[PDB]
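Peer 1: Have a look at the structure that comes next, please.
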Protein chains: 2
Amino acid sequence: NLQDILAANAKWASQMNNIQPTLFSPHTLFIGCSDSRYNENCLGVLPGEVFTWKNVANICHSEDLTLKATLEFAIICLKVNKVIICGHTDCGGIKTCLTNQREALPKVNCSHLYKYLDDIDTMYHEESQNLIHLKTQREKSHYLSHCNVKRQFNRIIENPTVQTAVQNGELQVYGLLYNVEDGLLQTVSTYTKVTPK
Amino acid sequence: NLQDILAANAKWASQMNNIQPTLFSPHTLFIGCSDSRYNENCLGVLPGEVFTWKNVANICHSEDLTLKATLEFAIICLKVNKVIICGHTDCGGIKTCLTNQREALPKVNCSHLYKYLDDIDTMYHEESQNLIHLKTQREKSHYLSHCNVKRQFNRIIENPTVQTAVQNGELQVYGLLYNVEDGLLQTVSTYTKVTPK
Ligand SMILES: [Zn+2]
Ligand SMILES: [Zn+2]
C-alpha cells in the first residue's frame with residue numbers, strides 16, 4: 001500500500017510539474033480543522049499561496065505555544081497579510097460534545113482526545129440556553145460550528161502579534177465557516193484596521 | 001481581500017460541483033509541515049480520504065496533547081489504516097536553526113516561535129559533527145529534513161495507540177520526505193506488523 005501511495009504521488013507530481021512549473025512566499029495563514037473534507041484549497045488559491053495550521057476542531061487556545069509560534073512565524077517572518085480561521089459544518093469534535101459522547105471517550109482509550117476537546121465541551125455547555133430554541137440536531141450542530149469560529153477568532157484577534165500587524169494596516173483577520181454540503185465559505189467575523197474596536 | 005476570497009471560493013465550489021458533485025471516512029492520517037508548497041493532496045488520492053494534522057516543521061512531541069488526541073481520534077474513532085509523517089525539503093524552521101538565525105527570533109518579537117523550534121535546534125546540534133562532511137547548505141538542509149522525518153516518526157511509533165494498532169495488523173506507519181523541487185515522496189521509514197521499529 002505504500003507502493004500504491006508512491007505511485008499515486010508520482011502520477012500527481014508529473015501532472016503538477018506540467019500544470020504549475022513555477023511551483024517547483026505565502027500571503028495567507030489558514031487555520032482549519034483536520035477534517036478530510038476540506039483544506040486551504042477551498043479558498044480558491046494555488047499551492048504556495050497559503051500557509052496552513054490544520055488541527056482537530058480548529059482550536060486556538062490563547063496561551064498555547066503552537067498558536068503563538070504559528071502567528072509569530074506567519075505574520076513577522078513570512079509576512080502574510082491574511083489570517084483566516086476557518087471552521088466547518090458537521091465537525092466531528094463538536095458533534096461528540098453536542099451528542100454527549102465525550103464522556104465515553106476515556107472508556108475506549110481516547111482519554112487524550114477527551115481532554116483535548118475540553119474547550120469544545122465548555123462552549124457546548126455555555127451554549128445550552130441558546131441550543132434549546134433550535135429543534136433539530138442539524139440546526140444545533142450548525143450553530144455550534146459557527147459559534148466555534150467566533151470563539152477561536154476572538155482569541156486570535158486578542159493576540160498581540162495580530163493586534164500590532166492589524167493596527168499597522170499589514171494584516172486582516174477573517175473568521176469563515178465552510179459548508180461541507182456545498183463547498184461555500186460563509187463570513188462569521190472580520191477584524192481589520194478599520195473595523196470598530 | 002475578503003470579497004476576492006469569497007468570489008474565488010464560489011467559483012472553485014462551482015468547478016468542483018460540476019466535475020464531482022458526489023464529493024459533497026478517511027483511511028489516512030497525514031502529518032505534514034504548515035509549509036504552503038505541499039499538503040495531503042501530494043499523496044494523489046481522493047478528497048475526503050486523508051485526515052490532516054499540519055503544523056510548523058511537523059513536530060510531534062511524544063507528550064504533546066494534540067499528538068495523542070490526534071492519533072487516538074484517527075486510529076480509534078476514524079479507524080485510519082495508515083499514519084503518514086511527511087516532512088519536506090527546504091523547511092524554514094530547520095533552515096532557521098541550521099543557519100543559526102533562531103537566536104535572532106526574540107529580538108523580532110518571536111520568542112514563542114523561538115521556544116517552539118527548540119526540538120529542531122536540539123536535532124541540529126546533536127547532528128553537528130554528522131554535518132561536517134556536507135559542504136553546502138543545500139546538502140545540510142536535505143540531511144536535516146530527512147533526520148527530522150525519522151525523529152518525529154520515532155516518537156509516533158512509540159505512542160501506545162499506534163503500537164497497539166500496528167501489532168494488531170490494523171495500521172501501517174510511513175515516514176516520508178516530500179521533495180519541493182519535483183513533488184516526489186521519498187521513503188524515510190516504515191513500521192508494520194512484521195517490521196521492527
Ligand atoms: Zn472538524
Ligand atoms: Zn516546513
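In the C-alpha cells, chains take letters A, B, ... by order of appearance, with residues numbered from 1 within each chain and ligands from 1 in the order shown.
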Please identify every residue of chain A that has at least one atom no farther than 12 Å from an atom of ligand 2, counting only C-alpha atoms and all ligand atoms, and for each give the shortest atom pair and the distance in Å to one decimal, arranged by chain then increasing number, as CSV.
Peer 2:
residue,atom,partner,partner_atom_place_in_ligand_line,distance
A:51,CA,ligand 2,1 (Zn),9.9
A:52,CA,ligand 2,1 (Zn),10.7
A:53,CA,ligand 2,1 (Zn),11.6
A:70,CA,ligand 2,1 (Zn),12.0
A:73,CA,ligand 2,1 (Zn),11.6
Peer 1: Write the residues you've just listed into a file as a short mmCIF file (atom, residue, chain, number, x, y, z; two decimals), in the first residue's frame, and include N, CA and C atoms for each of them.
Peer 2:
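That gives us selection.cif:
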data_model
loop_
_atom_site.label_atom_id
_atom_site.label_comp_id
_atom_site.auth_asym_id
_atom_site.auth_seq_id
_atom_site.Cartn_x
_atom_site.Cartn_y
_atom_site.Cartn_z
N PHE A 51 -0.16 29.22 3.76
CA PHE A 51 0.49 28.54 4.87
C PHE A 51 -0.62 28.04 5.81
N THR A 52 -0.60 26.76 6.17
CA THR A 52 -1.75 26.15 6.88
C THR A 52 -1.48 25.46 8.23
N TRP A 53 -2.22 25.87 9.24
CA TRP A 53 -2.29 25.14 10.50
C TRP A 53 -3.61 24.38 10.56
N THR A 70 2.99 29.92 15.68
CA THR A 70 2.43 29.96 14.32
C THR A 70 2.05 31.38 13.87
N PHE A 73 5.43 33.36 13.38
CA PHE A 73 6.04 32.97 12.11
C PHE A 73 5.30 33.52 10.88
#
Peer 1: Could you pull out the strand (DSSP E) residues of chain A from DSSP and send them as a PDB file with N, CA, C and O atoms, in the first residue's frame?
Peer 2:
ATOM      1  N   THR A  28      -1.203  34.192   3.057  1.00  0.00           N
ATOM      2  CA  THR A  28      -2.303  33.842   3.958  1.00  0.00           C
ATOM      3  C   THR A  28      -1.891  32.746   4.941  1.00  0.00           C
ATOM      4  O   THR A  28      -1.229  31.783   4.550  1.00  0.00           O
ATOM      5  N   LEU A  29      -2.271  32.915   6.208  1.00  0.00           N
ATOM      6  CA  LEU A  29      -2.286  31.825   7.182  1.00  0.00           C
ATOM      7  C   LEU A  29      -3.713  31.288   7.307  1.00  0.00           C
ATOM      8  O   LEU A  29      -4.625  32.007   7.721  1.00  0.00           O
ATOM      9  N   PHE A  30      -3.891  30.024   6.948  1.00  0.00           N
ATOM     10  CA  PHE A  30      -5.194  29.364   7.060  1.00  0.00           C
ATOM     11  C   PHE A  30      -5.197  28.454   8.274  1.00  0.00           C
ATOM     12  O   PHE A  30      -4.334  27.596   8.415  1.00  0.00           O
ATOM     13  N   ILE A  31      -6.159  28.652   9.166  1.00  0.00           N
ATOM     14  CA  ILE A  31      -6.323  27.764  10.317  1.00  0.00           C
ATOM     15  C   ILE A  31      -7.651  27.012  10.173  1.00  0.00           C
ATOM     16  O   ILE A  31      -8.724  27.613  10.183  1.00  0.00           O
ATOM     17  N   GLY A  32      -7.576  25.694  10.034  1.00  0.00           N
ATOM     18  CA  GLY A  32      -8.774  24.908   9.787  1.00  0.00           C
ATOM     19  C   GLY A  32      -8.754  23.586  10.512  1.00  0.00           C
ATOM     20  O   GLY A  32      -7.755  23.212  11.131  1.00  0.00           O
ATOM     21  N   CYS A  33      -9.875  22.882  10.446  1.00  0.00           N
ATOM     22  CA  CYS A  33      -9.984  21.598  11.104  1.00  0.00           C
ATOM     23  C   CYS A  33      -9.230  20.545  10.300  1.00  0.00           C
ATOM     24  O   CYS A  33      -9.122  20.661   9.081  1.00  0.00           O
ATOM     25  N   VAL A  50      -0.875  29.613   0.447  1.00  0.00           N
ATOM     26  CA  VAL A  50      -1.478  29.528   1.771  1.00  0.00           C
ATOM     27  C   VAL A  50      -0.710  28.608   2.717  1.00  0.00           C
ATOM     28  O   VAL A  50      -0.623  27.396   2.502  1.00  0.00           O
ATOM     29  N   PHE A  51      -0.159  29.220   3.759  1.00  0.00           N
ATOM     30  CA  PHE A  51       0.488  28.536   4.872  1.00  0.00           C
ATOM     31  C   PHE A  51      -0.617  28.044   5.814  1.00  0.00           C
ATOM     32  O   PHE A  51      -1.468  28.829   6.224  1.00  0.00           O
ATOM     33  N   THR A  52      -0.603  26.759   6.174  1.00  0.00           N
ATOM     34  CA  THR A  52      -1.750  26.149   6.883  1.00  0.00           C
ATOM     35  C   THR A  52      -1.476  25.462   8.226  1.00  0.00           C
ATOM     36  O   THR A  52      -0.632  24.578   8.334  1.00  0.00           O
ATOM     37  N   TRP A  53      -2.225  25.872   9.243  1.00  0.00           N
ATOM     38  CA  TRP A  53      -2.289  25.143  10.503  1.00  0.00           C
ATOM     39  C   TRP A  53      -3.614  24.384  10.557  1.00  0.00           C
ATOM     40  O   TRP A  53      -4.684  24.981  10.612  1.00  0.00           O
ATOM     41  N   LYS A  54      -3.530  23.063  10.554  1.00  0.00           N
ATOM     42  CA  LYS A  54      -4.717  22.209  10.488  1.00  0.00           C
ATOM     43  C   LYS A  54      -4.724  21.336  11.731  1.00  0.00           C
ATOM     44  O   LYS A  54      -3.773  20.588  11.957  1.00  0.00           O
ATOM     45  N   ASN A  55      -5.770  21.456  12.558  1.00  0.00           N
ATOM     46  CA  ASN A  55      -5.857  20.672  13.795  1.00  0.00           C
ATOM     47  C   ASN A  55      -7.288  20.275  14.149  1.00  0.00           C
ATOM     48  O   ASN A  55      -8.246  20.889  13.662  1.00  0.00           O
ATOM     49  N   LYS A  82      -3.022  38.052   5.525  1.00  0.00           N
ATOM     50  CA  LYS A  82      -4.310  37.488   5.932  1.00  0.00           C
ATOM     51  C   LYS A  82      -4.114  36.328   6.896  1.00  0.00           C
ATOM     52  O   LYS A  82      -3.258  35.472   6.680  1.00  0.00           O
ATOM     53  N   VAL A  83      -4.898  36.328   7.974  1.00  0.00           N
ATOM     54  CA  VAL A  83      -5.065  35.145   8.814  1.00  0.00           C
ATOM     55  C   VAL A  83      -6.540  34.784   8.726  1.00  0.00           C
ATOM     56  O   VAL A  83      -7.421  35.617   8.955  1.00  0.00           O
ATOM     57  N   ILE A  84      -6.802  33.548   8.348  1.00  0.00           N
ATOM     58  CA  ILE A  84      -8.154  33.066   8.215  1.00  0.00           C
ATOM     59  C   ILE A  84      -8.361  31.901   9.166  1.00  0.00           C
ATOM     60  O   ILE A  84      -7.682  30.884   9.067  1.00  0.00           O
ATOM     61  N   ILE A  85      -9.284  32.069  10.104  1.00  0.00           N
ATOM     62  CA  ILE A  85      -9.736  30.951  10.928  1.00  0.00           C
ATOM     63  C   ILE A  85     -11.002  30.392  10.284  1.00  0.00           C
ATOM     64  O   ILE A  85     -12.022  31.071  10.191  1.00  0.00           O
ATOM     65  N   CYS A  86     -10.908  29.155   9.806  1.00  0.00           N
ATOM     66  CA  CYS A  86     -11.986  28.559   9.035  1.00  0.00           C
ATOM     67  C   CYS A  86     -12.464  27.244   9.630  1.00  0.00           C
ATOM     68  O   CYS A  86     -11.825  26.199   9.481  1.00  0.00           O
ATOM     69  N   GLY A  87     -13.597  27.310  10.317  1.00  0.00           N
ATOM     70  CA  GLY A  87     -14.264  26.110  10.800  1.00  0.00           C
ATOM     71  C   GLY A  87     -15.091  25.509   9.690  1.00  0.00           C
ATOM     72  O   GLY A  87     -15.008  25.945   8.548  1.00  0.00           O
ATOM     73  N   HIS A  88     -15.890  24.498  10.029  1.00  0.00           N
ATOM     74  CA  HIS A  88     -16.756  23.853   9.057  1.00  0.00           C
ATOM     75  C   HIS A  88     -17.967  23.215   9.735  1.00  0.00           C
ATOM     76  O   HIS A  88     -17.945  22.928  10.938  1.00  0.00           O
ATOM     77  N   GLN A 172      -5.231  41.553   7.888  1.00  0.00           N
ATOM     78  CA  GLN A 172      -6.666  41.404   8.130  1.00  0.00           C
ATOM     79  C   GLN A 172      -6.947  39.978   8.609  1.00  0.00           C
ATOM     80  O   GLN A 172      -6.300  39.033   8.161  1.00  0.00           O
ATOM     81  N   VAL A 173      -7.888  39.841   9.541  1.00  0.00           N
ATOM     82  CA  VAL A 173      -8.266  38.542  10.087  1.00  0.00           C
ATOM     83  C   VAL A 173      -9.721  38.269   9.706  1.00  0.00           C
ATOM     84  O   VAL A 173     -10.589  39.108   9.930  1.00  0.00           O
ATOM     85  N   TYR A 174      -9.969  37.116   9.088  1.00  0.00           N
ATOM     86  CA  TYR A 174     -11.322  36.677   8.755  1.00  0.00           C
ATOM     87  C   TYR A 174     -11.666  35.372   9.479  1.00  0.00           C
ATOM     88  O   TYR A 174     -10.845  34.460   9.567  1.00  0.00           O
ATOM     89  N   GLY A 175     -12.888  35.299   9.997  1.00  0.00           N
ATOM     90  CA  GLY A 175     -13.426  34.069  10.557  1.00  0.00           C
ATOM     91  C   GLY A 175     -14.466  33.568   9.583  1.00  0.00           C
ATOM     92  O   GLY A 175     -15.451  34.267   9.308  1.00  0.00           O
ATOM     93  N   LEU A 176     -14.235  32.372   9.038  1.00  0.00           N
ATOM     94  CA  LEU A 176     -15.098  31.809   7.997  1.00  0.00           C
ATOM     95  C   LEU A 176     -15.636  30.434   8.409  1.00  0.00           C
ATOM     96  O   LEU A 176     -15.046  29.745   9.253  1.00  0.00           O
ATOM     97  N   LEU A 177     -16.768  30.060   7.821  1.00  0.00           N
ATOM     98  CA  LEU A 177     -17.373  28.743   8.018  1.00  0.00           C
ATOM     99  C   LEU A 177     -17.572  28.060   6.673  1.00  0.00           C
ATOM    100  O   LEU A 177     -18.309  28.560   5.823  1.00  0.00           O
ATOM    101  N   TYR A 178     -16.909  26.922   6.492  1.00  0.00           N
ATOM    102  CA  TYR A 178     -17.033  26.096   5.292  1.00  0.00           C
ATOM    103  C   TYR A 178     -18.221  25.138   5.445  1.00  0.00           C
ATOM    104  O   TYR A 178     -18.317  24.410   6.429  1.00  0.00           O
ATOM    105  N   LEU A 185     -17.907  29.091   1.439  1.00  0.00           N
ATOM    106  CA  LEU A 185     -17.462  29.799   2.623  1.00  0.00           C
ATOM    107  C   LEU A 185     -18.467  30.875   2.969  1.00  0.00           C
ATOM    108  O   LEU A 185     -18.971  31.576   2.093  1.00  0.00           O
ATOM    109  N   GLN A 186     -18.725  30.993   4.261  1.00  0.00           N
ATOM    110  CA  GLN A 186     -19.658  31.944   4.822  1.00  0.00           C
ATOM    111  C   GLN A 186     -18.914  32.800   5.850  1.00  0.00           C
ATOM    112  O   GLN A 186     -18.133  32.270   6.645  1.00  0.00           O
ATOM    113  N   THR A 187     -19.160  34.111   5.843  1.00  0.00           N
ATOM    114  CA  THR A 187     -18.483  35.019   6.781  1.00  0.00           C
ATOM    115  C   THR A 187     -19.080  34.978   8.186  1.00  0.00           C
ATOM    116  O   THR A 187     -20.274  35.189   8.370  1.00  0.00           O
ATOM    117  N   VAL A 188     -18.230  34.709   9.175  1.00  0.00           N
ATOM    118  CA  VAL A 188     -18.631  34.750  10.577  1.00  0.00           C
ATOM    119  C   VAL A 188     -18.190  36.070  11.236  1.00  0.00           C
ATOM    120  O   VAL A 188     -18.984  36.738  11.913  1.00  0.00           O
ATOM    121  N   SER A 189     -16.933  36.451  11.007  1.00  0.00           N
ATOM    122  CA  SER A 189     -16.326  37.610  11.668  1.00  0.00           C
ATOM    123  C   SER A 189     -15.196  38.212  10.825  1.00  0.00           C
ATOM    124  O   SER A 189     -14.558  37.500  10.059  1.00  0.00           O
ATOM    125  N   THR A 190     -14.965  39.524  10.963  1.00  0.00           N
ATOM    126  CA  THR A 190     -13.816  40.193  10.333  1.00  0.00           C
ATOM    127  C   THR A 190     -13.118  41.178  11.287  1.00  0.00           C
ATOM    128  O   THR A 190     -13.769  41.865  12.065  1.00  0.00           O
ATOM    129  N   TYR A 191     -11.791  41.244  11.209  1.00  0.00           N
ATOM    130  CA  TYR A 191     -11.002  42.154  12.036  1.00  0.00           C
ATOM    131  C   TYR A 191      -9.914  42.779  11.185  1.00  0.00           C
ATOM    132  O   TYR A 191      -8.943  42.114  10.809  1.00  0.00           O
TER     133      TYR A 191
END
Peer 1: Find the residues around residue 197 in chain A up to 12 Å (only C-alpha atoms counted), leave out those fewer than 3 positions away in its own chain, and share them as a CSV table (one decimal) with N, CA, C and O atoms, in the first residue's frame.
Peer 2:
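around38.csv, freshly written:
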chain,number,residue,atom,x,y,z
A,154,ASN,N,-12.0,35.2,18.2
A,154,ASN,CA,-11.9,36.2,19.3
A,154,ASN,C,-10.6,36.1,20.1
A,154,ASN,O,-10.1,37.1,20.6
A,157,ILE,N,-7.7,37.4,17.6
A,157,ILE,CA,-7.7,38.9,17.5
A,157,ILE,C,-7.2,39.6,18.8
A,157,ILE,O,-6.9,40.8,18.8
A,158,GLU,N,-7.2,38.9,19.9
A,158,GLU,CA,-6.6,39.4,21.1
A,158,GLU,C,-5.1,39.2,21.2
A,158,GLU,O,-4.4,39.9,21.9
A,163,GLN,N,-2.8,42.1,16.8
A,163,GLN,CA,-3.2,43.4,17.1
A,163,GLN,C,-2.2,44.4,16.4
A,163,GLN,O,-2.6,45.4,15.8
A,166,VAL,N,-2.4,44.4,12.5
A,166,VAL,CA,-3.7,44.9,12.1
A,166,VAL,C,-3.7,46.4,12.2
A,166,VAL,O,-4.1,47.1,11.3
A,167,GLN,N,-3.3,46.9,13.4
A,167,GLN,CA,-3.2,48.4,13.7
A,167,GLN,C,-2.3,49.1,12.7
A,167,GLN,O,-2.7,50.2,12.2
A,190,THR,N,-15.0,39.5,11.0
A,190,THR,CA,-13.8,40.2,10.3
A,190,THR,C,-13.1,41.2,11.3
A,190,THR,O,-13.8,41.9,12.1
A,191,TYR,N,-11.8,41.2,11.2
A,191,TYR,CA,-11.0,42.2,12.0
A,191,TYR,C,-9.9,42.8,11.2
A,191,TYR,O,-8.9,42.1,10.8
A,192,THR,N,-10.1,44.1,10.9
A,192,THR,CA,-9.2,44.8,10.0
A,192,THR,C,-8.8,46.1,10.7
A,192,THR,O,-9.3,46.4,11.8
A,193,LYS,N,-8.0,46.9,10.0
A,193,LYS,CA,-7.5,48.2,10.6
A,193,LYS,C,-8.7,49.1,10.8
A,193,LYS,O,-8.7,49.9,11.8
A,194,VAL,N,-9.8,49.0,10.0
A,194,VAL,CA,-10.9,49.9,10.0
A,194,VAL,C,-12.1,49.4,10.8
A,194,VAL,O,-13.1,50.2,11.1
Peer 1: Which residues are near residue 4 in chain A? Cut-off 12 Å, only C-alpha atoms, ignore same chain within fewer than 6 positions. Put them as a list in words.
Peer 2: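 Result of the neighbour search: residues 10 and 11 of chain A; 43, 44, 45 and 185 of chain B.
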Peer 1: Residues up to 8 Å from ligand 1, counting only C-alpha atoms and all ligand atoms: could you list those as a VMD selection string?
Peer 2: chain A and resid 32 to 35 56 to 58 87 to 94
Peer 1: Output the selection as a short mmCIF file (atom, residue, chain, number, x, y, z; two decimals), in the first residue's frame - N, CA, C and O atoms for each residue.
Peer 2:
data_model
loop_
_atom_site.label_atom_id
_atom_site.label_comp_id
_atom_site.auth_asym_id
_atom_site.auth_seq_id
_atom_site.Cartn_x
_atom_site.Cartn_y
_atom_site.Cartn_z
N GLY A 32 -7.58 25.69 10.03
CA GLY A 32 -8.77 24.91 9.79
C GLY A 32 -8.75 23.59 10.51
O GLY A 32 -7.76 23.21 11.13
N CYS A 33 -9.87 22.88 10.45
CA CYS A 33 -9.98 21.60 11.10
C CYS A 33 -9.23 20.55 10.30
O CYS A 33 -9.12 20.66 9.08
N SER A 34 -8.73 19.52 10.99
CA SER A 34 -8.07 18.38 10.36
C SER A 34 -9.00 17.58 9.44
O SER A 34 -8.54 16.80 8.61
N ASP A 35 -10.31 17.78 9.61
CA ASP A 35 -11.33 17.16 8.75
C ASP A 35 -10.88 16.96 7.30
O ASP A 35 -10.41 17.89 6.65
N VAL A 56 -7.43 19.26 15.00
CA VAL A 56 -8.75 18.76 15.38
C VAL A 56 -9.61 19.90 15.92
O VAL A 56 -9.24 20.57 16.89
N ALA A 57 -10.73 20.14 15.25
CA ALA A 57 -11.71 21.19 15.61
C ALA A 57 -11.18 22.63 15.61
O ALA A 57 -11.71 23.51 16.31
N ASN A 58 -10.14 22.89 14.81
CA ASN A 58 -9.52 24.23 14.71
C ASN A 58 -9.46 25.04 16.03
O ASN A 58 -9.88 26.20 16.09
N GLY A 87 -13.60 27.31 10.32
CA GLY A 87 -14.26 26.11 10.80
C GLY A 87 -15.09 25.51 9.69
O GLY A 87 -15.01 25.94 8.55
N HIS A 88 -15.89 24.50 10.03
CA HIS A 88 -16.76 23.85 9.06
C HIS A 88 -17.97 23.22 9.74
O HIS A 88 -17.94 22.93 10.94
N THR A 89 -19.01 23.00 8.94
CA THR A 89 -20.22 22.33 9.40
C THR A 89 -19.96 20.83 9.51
O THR A 89 -19.10 20.30 8.79
N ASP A 90 -20.70 20.17 10.39
CA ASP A 90 -20.63 18.71 10.57
C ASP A 90 -19.25 18.33 11.13
O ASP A 90 -18.62 17.39 10.66
N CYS A 91 -18.79 19.09 12.13
CA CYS A 91 -17.46 18.90 12.73
C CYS A 91 -17.49 17.81 13.79
O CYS A 91 -18.26 17.90 14.74
N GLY A 92 -16.66 16.78 13.61
CA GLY A 92 -16.63 15.62 14.50
C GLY A 92 -16.51 15.95 15.97
O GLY A 92 -17.30 15.46 16.78
N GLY A 93 -15.54 16.80 16.31
CA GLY A 93 -15.30 17.21 17.70
C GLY A 93 -16.49 17.90 18.35
O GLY A 93 -16.82 17.63 19.50
N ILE A 94 -17.12 18.80 17.59
CA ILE A 94 -18.32 19.49 18.07
C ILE A 94 -19.50 18.51 18.29
O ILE A 94 -20.13 18.52 19.35
#
Peer 1: Step one, run DSSP on the backbone; step two, keep only residues of range 44-158 of chain B assigned to alpha helix (DSSP H); then write them as an MDAnalysis selection string.
Peer 2: chainID B and resid 65:72 92:98 111:116 118:126 137:156
Peer 1: Any chance you could export the current selection's N, CA and C atoms as a short mmCIF file (atom, residue, chain, number, x, y, z; two decimals), in the first residue's frame?
Peer 2:
data_model
loop_
_atom_site.label_atom_id
_atom_site.label_comp_id
_atom_site.auth_asym_id
_atom_site.auth_seq_id
_atom_site.Cartn_x
_atom_site.Cartn_y
_atom_site.Cartn_z
N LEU B 65 -0.29 16.99 23.84
CA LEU B 65 -1.69 16.55 23.93
C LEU B 65 -2.32 16.40 22.55
N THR B 66 -2.02 17.35 21.65
CA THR B 66 -2.51 17.30 20.27
C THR B 66 -2.05 16.04 19.52
N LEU B 67 -0.78 15.65 19.66
CA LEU B 67 -0.33 14.40 19.04
C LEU B 67 -1.18 13.19 19.49
N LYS B 68 -1.30 13.01 20.80
CA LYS B 68 -2.05 11.89 21.39
C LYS B 68 -3.52 11.91 21.02
N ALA B 69 -4.16 13.06 21.18
CA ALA B 69 -5.55 13.27 20.78
C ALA B 69 -5.77 13.00 19.29
N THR B 70 -4.87 13.52 18.46
CA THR B 70 -4.97 13.32 17.01
C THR B 70 -4.83 11.84 16.63
N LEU B 71 -3.83 11.16 17.18
CA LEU B 71 -3.65 9.73 16.96
C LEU B 71 -4.83 8.89 17.48
N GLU B 72 -5.33 9.22 18.67
CA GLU B 72 -6.47 8.49 19.23
C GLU B 72 -7.73 8.68 18.35
N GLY B 92 11.63 25.81 6.45
CA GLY B 92 12.00 27.08 7.07
C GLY B 92 12.51 26.98 8.51
N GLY B 93 11.79 26.23 9.34
CA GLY B 93 12.18 26.02 10.74
C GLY B 93 13.52 25.32 10.91
N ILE B 94 13.81 24.37 10.03
CA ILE B 94 15.11 23.70 10.00
C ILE B 94 16.22 24.66 9.54
N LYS B 95 15.96 25.42 8.48
CA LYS B 95 16.93 26.36 7.94
C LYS B 95 17.23 27.49 8.90
N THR B 96 16.23 27.89 9.69
CA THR B 96 16.42 28.88 10.75
C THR B 96 17.47 28.43 11.79
N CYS B 97 17.40 27.16 12.18
CA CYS B 97 18.36 26.59 13.12
C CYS B 97 19.70 26.30 12.45
N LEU B 98 19.66 25.67 11.29
CA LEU B 98 20.86 25.33 10.54
C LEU B 98 21.75 26.56 10.32
N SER B 111 9.44 35.23 20.34
CA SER B 111 10.03 34.42 21.40
C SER B 111 9.32 33.08 21.53
N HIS B 112 8.07 33.02 21.10
CA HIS B 112 7.35 31.75 21.14
C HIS B 112 7.73 30.83 19.98
N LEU B 113 7.89 31.38 18.78
CA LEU B 113 8.49 30.61 17.69
C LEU B 113 9.88 30.12 18.12
N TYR B 114 10.62 30.98 18.82
CA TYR B 114 11.93 30.60 19.35
C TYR B 114 11.81 29.33 20.21
N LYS B 115 10.90 29.34 21.18
CA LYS B 115 10.74 28.18 22.07
C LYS B 115 10.23 26.95 21.32
N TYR B 116 9.27 27.16 20.42
CA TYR B 116 8.69 26.10 19.58
C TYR B 116 9.74 25.33 18.78
N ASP B 118 12.80 24.72 19.59
CA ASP B 118 13.82 24.07 20.44
C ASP B 118 14.18 22.65 19.95
N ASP B 119 13.17 21.85 19.64
CA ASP B 119 13.39 20.48 19.20
C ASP B 119 14.22 20.37 17.92
N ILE B 120 13.93 21.25 16.96
CA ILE B 120 14.65 21.31 15.69
C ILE B 120 16.12 21.73 15.93
N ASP B 121 16.32 22.69 16.82
CA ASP B 121 17.66 23.18 17.15
C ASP B 121 18.47 22.14 17.93
N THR B 122 17.80 21.45 18.85
CA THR B 122 18.44 20.31 19.53
C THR B 122 18.89 19.25 18.52
N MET B 123 18.03 18.92 17.55
CA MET B 123 18.41 17.99 16.50
C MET B 123 19.62 18.51 15.71
N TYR B 124 19.59 19.79 15.32
CA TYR B 124 20.69 20.41 14.59
C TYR B 124 22.02 20.27 15.36
N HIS B 125 22.00 20.60 16.65
CA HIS B 125 23.19 20.49 17.50
C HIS B 125 23.65 19.04 17.68
N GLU B 126 22.71 18.12 17.92
CA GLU B 126 23.02 16.69 18.01
C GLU B 126 23.71 16.16 16.75
N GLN B 137 24.95 24.30 2.13
CA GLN B 137 23.73 24.44 2.93
C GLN B 137 22.57 23.60 2.38
N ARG B 138 22.52 23.47 1.06
CA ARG B 138 21.56 22.58 0.39
C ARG B 138 21.66 21.13 0.88
N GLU B 139 22.88 20.60 0.98
CA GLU B 139 23.08 19.23 1.47
C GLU B 139 22.73 19.12 2.96
N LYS B 140 23.18 20.09 3.75
CA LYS B 140 22.88 20.10 5.18
C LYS B 140 21.37 20.13 5.44
N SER B 141 20.68 21.01 4.72
CA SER B 141 19.23 21.17 4.81
C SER B 141 18.50 19.88 4.42
N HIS B 142 18.96 19.23 3.35
CA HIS B 142 18.42 17.92 2.96
C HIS B 142 18.59 16.87 4.07
N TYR B 143 19.81 16.77 4.59
CA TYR B 143 20.14 15.83 5.67
C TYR B 143 19.20 16.04 6.86
N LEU B 144 19.00 17.31 7.22
CA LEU B 144 18.23 17.66 8.41
C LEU B 144 16.73 17.48 8.23
N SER B 145 16.22 17.78 7.03
CA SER B 145 14.84 17.43 6.64
C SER B 145 14.54 15.94 6.83
N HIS B 146 15.45 15.10 6.35
CA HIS B 146 15.36 13.64 6.44
C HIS B 146 15.44 13.18 7.91
N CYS B 147 16.44 13.70 8.62
CA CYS B 147 16.63 13.44 10.04
C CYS B 147 15.37 13.77 10.85
N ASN B 148 14.76 14.91 10.56
CA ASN B 148 13.54 15.30 11.23
C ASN B 148 12.35 14.35 10.98
N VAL B 149 12.20 13.83 9.76
CA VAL B 149 11.18 12.80 9.49
C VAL B 149 11.36 11.61 10.45
N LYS B 150 12.58 11.09 10.54
CA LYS B 150 12.85 9.93 11.39
C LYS B 150 12.66 10.26 12.86
N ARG B 151 13.10 11.46 13.26
CA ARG B 151 12.96 11.94 14.63
C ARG B 151 11.49 11.95 15.07
N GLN B 152 10.60 12.51 14.24
CA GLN B 152 9.18 12.60 14.60
C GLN B 152 8.46 11.24 14.46
N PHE B 153 8.81 10.51 13.40
CA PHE B 153 8.37 9.12 13.17
C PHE B 153 8.64 8.25 14.40
N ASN B 154 9.85 8.35 14.94
CA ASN B 154 10.28 7.53 16.08
C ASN B 154 9.42 7.71 17.31
N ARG B 155 8.91 8.92 17.51
CA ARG B 155 8.03 9.22 18.61
C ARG B 155 6.61 8.67 18.37
N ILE B 156 6.13 8.82 17.14
CA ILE B 156 4.80 8.36 16.75
C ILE B 156 4.64 6.87 16.97
#
Peer 1: From the list A:162, A:110, A:59, A:105, which residue is nearest chain B when using only C-alpha atoms?
Peer 2: A:110
Peer 1: Under the rule that only C-alpha atoms are counted, which of A:100, A:196, A:165, A:130 is the nearest residue to chain B?
Peer 2: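 Ranking A:100, A:196, A:165, A:130 by distance to chain B, first place goes to A:165.
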Peer 1: Any idea what the distance is between CA of residue 182 in chain A and CA of residue 24 in chain B?
Peer 2: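 So the answer is 6.2 Å.
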Peer 1: Of the candidates A:136, A:101, A:109, A:20, which shows the shortest atom-to-atom distance to chain B, using only C-alpha atoms?
Peer 2: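 Checking each of A:136, A:101, A:109, A:20 against chain B, counting only C-alpha atoms, the winner is A:109.
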